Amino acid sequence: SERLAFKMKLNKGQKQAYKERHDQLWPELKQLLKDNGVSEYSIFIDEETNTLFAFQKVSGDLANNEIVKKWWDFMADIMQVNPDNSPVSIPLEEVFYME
């Protein structure tokens, strides 16, 4: 019901690892995201700037979920992350929408 977008940062040269790990995204994480109202979740890359742009829809607390935290730990070597291994994330404000 709501559209959300955000920017993340990949470490230089890690597009391949990022893509392969996401091709093998744990089914537990996919189901948790769905159970929490997430759909149509896409992540796009600007490889030359090591930038990820994420878009998702949310239909109404994953940061405290054990599986999410395990995913952060698994990804922390190739992403720009905080001390708790969650990815740095910059929110992006919607300025236009046409259905």
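Numbering starts at 1 and follows the sequence shown.
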Query raised in the report: As recorded in the PDB entry, how many deposited residues are without coordinates between residue 27 and residue 28: none, 1 to 3, 4 to 9, or 10 or more?
Result: none
Report summary line: Quick note on 81-89 and 16-24: per-entry mean CA temperature factor is higher in 16-24
Requested in this report: Name the higher of the two by mean Cα B-factor in the PDB entry, 28-36 versus 69-77.
Outcome: 28-36
Report summary line: residue 56: C-alpha B-factor third of its chain, per the entry, is the middle
